[PDB]
There are 2 protein chains.
Amino acid sequence: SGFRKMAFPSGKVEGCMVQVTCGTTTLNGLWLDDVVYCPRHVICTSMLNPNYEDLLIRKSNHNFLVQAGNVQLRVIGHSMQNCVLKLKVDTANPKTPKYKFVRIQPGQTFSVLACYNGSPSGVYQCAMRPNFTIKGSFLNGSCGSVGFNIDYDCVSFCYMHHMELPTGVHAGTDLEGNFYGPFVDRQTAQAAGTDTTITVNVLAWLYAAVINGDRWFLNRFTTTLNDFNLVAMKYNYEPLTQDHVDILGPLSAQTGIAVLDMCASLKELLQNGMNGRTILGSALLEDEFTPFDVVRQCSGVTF
Amino acid sequence: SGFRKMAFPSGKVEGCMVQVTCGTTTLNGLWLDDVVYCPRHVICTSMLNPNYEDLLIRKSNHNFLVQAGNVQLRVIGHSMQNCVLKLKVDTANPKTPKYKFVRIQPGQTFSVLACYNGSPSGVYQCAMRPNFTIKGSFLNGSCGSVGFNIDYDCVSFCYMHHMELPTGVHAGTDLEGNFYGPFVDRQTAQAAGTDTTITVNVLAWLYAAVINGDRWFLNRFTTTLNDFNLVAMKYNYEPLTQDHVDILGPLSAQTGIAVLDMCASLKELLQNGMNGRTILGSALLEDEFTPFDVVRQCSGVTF
Ligand SMILES: O=c1[nH]cc(-c2cc(-c3cc(Cl)cc(OCCC(F)(F)F)c3)c(=O)n(-c3cccnc3)c2)c(=O)[nH]1
Ligand SMILES: O=c1[nH]cc(-c2cc(-c3cc(Cl)cc(OCCC(F)(F)F)c3)c(=O)n(-c3cccnc3)c2)c(=O)[nH]1
């Protein structure tokens with residue numbers, strides 16, 4: 001029993017984190033096989049309208065200092081792919097895990113290994129918000145920290161950290177260096193779009209609550225998908241789709257509560273609040289657990 | 001910016017987790033140097049009044065199957081210390097970190113690496129509640145999972161998981177096998193004592209909120225320690241001590257808000273609620289961050 005914001009074990013990623021210095025700028029990089037991936041804004045000084053092709057043309061391999069733990073790695077090549085810098089090094093990472101690069105959809109969750117000067121600091125879970133930001137915990141020097149999922153023993157990297165927006169939320173790229181969202185890696189007026197709540201995740205979390213013995217919010221009613229989405233839109237919730245309903249199938253089956261039955265509970269909670277009760281220790285509706293996250297944690301899968 | 005329930009990177013612990021089988025009972029063990037530590041109830045069948053000295057007298061080394069990843073470890077000795085079984089094995093763990101065993105005080109936090117069949121599943125943060133339980137996330141097979149902190153590169157183990165209580169909370173021991181709280185490792189009528197909120201942690205978390213730009217709960221008032229503890233007791237909060245005030249010193253200094261000034265904020269929040277506002281994304285007062293946790297995460301320390 002119990003339900004917690006659970007990250008994946010981070011050891012496989014910790015062995016990949018290095019420090020990348022270029023001039024006076026230091027940040028983190030990801031060392032897989034003989035390549036080190038890091039944000040390209042490492043080659044910047046100050047930055048309002050940087051021309052990165054020019055900035056990189058003016059660099060040489062010896063302008064890049066890469067340290068893995070205590071050993072310095074020799075850079076033997078450098079190139080840029082979108083907003084990521086790729087530094088070829090002379091030695092392949094002996095700790096390289098089985099891995100893949102993936103570009104996730106909004107509403108999906110991942111583990112973040114926050115790092116400073118190439119040294120892991122902590123691990124936490126978060127979600128790609130519908131507005132393509134993440135509500136992380138990042139200080140100066142955290143750029144290059146990665147987000148990931150782990151299936152079987154394969155690490156799927158899905159996020160590298162680049163920037164903190166003025167509202168305190170965070171922007172980054174997939175590991176091919178494509179930003180999530182409309183953002184660009186320069187100092188300009190940038191702001192996240194309006195955000196919405198991830199409906200399918202809230203429902204998943206209600207199922208986890210039921211699985212853990214919180215039932216007070218259940219009712220006998222049912223709603224139509226169309227009637228529910230009318231209420232969703234009113235409270236700034238993402239529309240619920242038949243894909244979402246099918247994804248919730250196994251949780252619906254394990255609890256015996258039909259998805260559209262749970263939607264009637266969610267409607268009431270949106271309309272009437274919680275009246276001083278809590279769900280899974282929260283006074284607010286939680287939306288950073290996917291259906292997969294719930295099944296994993298209430299079923300016990302390992303990696 | 002940002003504030004998240006952050007666990008320590010778990011790699012150093014992942015390399016220590018093994019599976020320990022005795023008959024039909026399988027659980028996790030912790031492999032440090034040439035010893036494997038696990039809950040002694042692994043040698044039980046069913047268990048209401050087990051006599052563990054007798055149960056262990058009847059065992060031999062070959063009744064214990066220890067698997068580390070894919071390799072089976074040869075048990076060459078066995079003994080019991082309090083509620084922990086210690087199995088001497090023929091091979092010292094080559095991945096043993098620098099480590100220590102520590103017995104923590106209630107209100108202190110730690111990272112939990114949940115494991116099944118010796119394989120890490122996830123990592124999360126929690127606190128030793130004042131009633132010596134933890135609100136973890138554990139399923140059958142999780143016994144033997146450990147809780148830990150990491151300072152510099154030294155892993156301080158402070159919890160091994162033994163049991164789930166009927167209320168869904170969790171009971172365990174230090175790594176010397178002494179239970180936290182009044183619990184015993186047998187099937188009987190056991191229930192946690194009444195719990196209280198960790199006042200010093202709530203104040204620490206209010207400081208983190210201020211550090212991250214949430215100020216709406218601040219006021220111009222101040223309170224006496226005595227007057228505050230009168231309100232604390234009313235709302236089932238632990239008394240605040242001068243030790244607690246001194247521990248909050250650095251957060252008080254960094255924000256310029258005196259501790260007793262923050263206590264007046266907390267008093268108002270206890271009396272008047274939040275009136276539909278949130279702090280650090282929470283509608284409830286959070287009490288599982290220590291002052292040290294706040295400083296670490298709002299200052300950027302690594303391990
Ligand atoms: O030496 C070092 N110098 C600099 C950094 C650094 C650099 C940026 C950065 C980079 C770019 Cl290209 C654009 C940018 O714009 C702001 C957002 C908006 F522009 F979109 F509005 C910001 C940055 O956000 N952080 C940072 C701080 C706190 C949390 N998370 C990231 C750090 C470093 O880590 N080390
Ligand atoms: O093969 C396996 N058999 C058994 C287990 C197992 C065994 C116990 C256990 C052990 C003892 Cl000694 C006493 C006990 O009493 C209950 C609490 C109270 F008694 F204090 F009220 C319970 C246990 O709680 N869990 C468990 C489940 C879910 C979450 N966390 C722990 C598992 C196993 O993991 N594998």
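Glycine also receives a Cβ, built like all others from the backbone with ideal geometry; neighbour counts cover every protein chain displayed. Every number here is computed from the coordinates shown, using simple stated rules; none is lab data.
Structural remarks
- For the range A:79-229, a crude dipole built from +1 on the beta carbon of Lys and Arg and -1 on the beta carbon of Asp and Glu, taken about the Cα centre, is about 120 debye to the nearest 20.
- Once you divide the Cα radius of gyration of the range A:28-122 by 2.2 N^0.38 Å, the number left is 1.17.
- Sorted from greatest to least, the principal axis extents spanned by the alpha carbons of the range B:51-188 come out as 40, 40, 24 Å.
- Student exercise, the protein assembly as shown dipole from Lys, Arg, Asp, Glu Cβ charges, in Debye to nearest 20: 500
- Taking the DSSP beta bridges with both ends in the range B:46-202, the antiparallel portion is around 90 percent.
- Net charge of Cβ neighbours under 15 Å - reference B:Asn51; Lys, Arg +1; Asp, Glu -1: +1
- Under the Karplus curve 6.51 cos²θ - 1.76 cosθ + 1.60, θ = phi - 60°, whole-Hz ³J(HN,Hα) for the range A:285-291, x wherever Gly or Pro sits: 7, 8, 9, 10, 10, 6, x
- When the P(r) is computed for the range A:1-47, the part past 13 Å accounts for 65% of the Cα-Cα pairs.
- When the charge dipole of the protein assembly as shown is built from unit charges on Cβ atoms (+1 for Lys and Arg, -1 for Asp and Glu) and taken about the Cα centre, the candidate among A:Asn219, B:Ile104, B:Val294 whose Cα reaches farthest toward its positive end is B:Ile104.
- Alpha-carbon Debye profile of the range B:119-267, log10 I(q)/I(0) at 0.12, 0.18, 0.19 Å⁻¹: -0.66, -1.08, -1.12
- Residues B:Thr223, B:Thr173 arranged by fewest to most Cβ contacts within 10 Å: B:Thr223, B:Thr173
- Mean-position separation - Cα centroids, the range B:156-174 and the range B:244-303, in angstrom: 27
- Among B:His161, A:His170, B:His62, the ranking by other beta carbons within 10 Å of each residue's beta carbon, starting with the fewest, stands as B:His62, B:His161, A:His170.
- Sorted from greatest to least, the principal axis extents spanned by the alpha carbons of the protein assembly as shown come out as 77, 58, 56 Å.
- Neighbours of B:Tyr152, meaning other residues whose beta-carbon lies under 14 angstrom from its beta-carbon, give a summed charge of +2 when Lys and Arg score +1 and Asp and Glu score -1.
- Residues whose placed amide H lies under 5 Å from that of A:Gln81, excluding near-sequence neighbours: A:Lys86
- Summary for A:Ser79: label point 7 Å along Cα→Cβ; distances to the equivalent points in the other copies, ascending, 6.0 nm.
- Backbone geometry of the range A:86-97 corresponds, through the Karplus equation with coefficients 6.51, -1.76 and 1.60 at θ = phi - 60°, to 3J(HN,Hα) couplings of 10, 10, 6, 10, 6, 10, 6, 4, x, 9, 4, x Hz, x marking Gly and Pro.
- With the largest listed first and rounded to whole Å, the semi-axes of the equivalent ellipsoid of the range B:211-259 from the Cα gyration tensor are 20, 14, 10.
- Dipole magnitude for chain A: computed about the Cα centre from +1 point charges on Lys and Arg Cβ and -1 point charges on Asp and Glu Cβ, it is near 460 debye.
- Using a cut-off of 24 Å between Cα atoms, the listed pairs A:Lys234/B:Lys267; B:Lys5/B:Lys86; A:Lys95/B:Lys12; A:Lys98/B:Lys95 include A:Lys234/B:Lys267; B:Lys5/B:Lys86 as exceeding that distance.
- Ascending distances from the B:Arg215 label point to its copies in the other chains, with the point 7 Å along the Cα-to-beta-carbon line: 4.9 nm.
- Cα-based Rg and Dmax for the range A:212-303, where Dmax is the largest Cα-Cα distance (Å): 13.5, 40
- Positive-end ranking of A:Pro182, A:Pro130, A:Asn93 along the dipole of chain A, with charges on Cβ about the Cα centre, is headed by A:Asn93.
- Shown for B:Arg215, B:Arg186: other C-beta atoms within 10 Å of each C-beta, ranked fewest to most, produce the order B:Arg215, B:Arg186.
- Net charge contributed by nearby residues that have their C-beta within less than 13 Å of B:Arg215 (K/R +1, D/E -1): 0
- Other copies of B:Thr24: label-to-label distances in nm, shortest first, labels 7 Å along the beta-carbon direction: 7.0
- Computed [θ] at 222 nm, deg cm²/dmol, chain B (DSSP H ≥ 4; -39,500 (n - 2.57); rounded to nearest 500): -6500 deg cm²/dmol
- Anisotropy class of the range B:97-167 from Cα gyration tensor, a/c 1.5 cut: oblate
- Derived scalar couplings between HN and Hα for the range A:51-58 equal 9, 5, 4, 4, 4, 6, 4, 7 Hz in order, rounded to whole Hz, by the Karplus curve 6.51 cos²θ - 1.76 cosθ + 1.60 (θ = phi - 60°), x for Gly and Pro.
- When Rg and the Kirkwood radius Rh are both evaluated on Cα atoms of chain B, their ratio Rg/Rh stands at 1.04.
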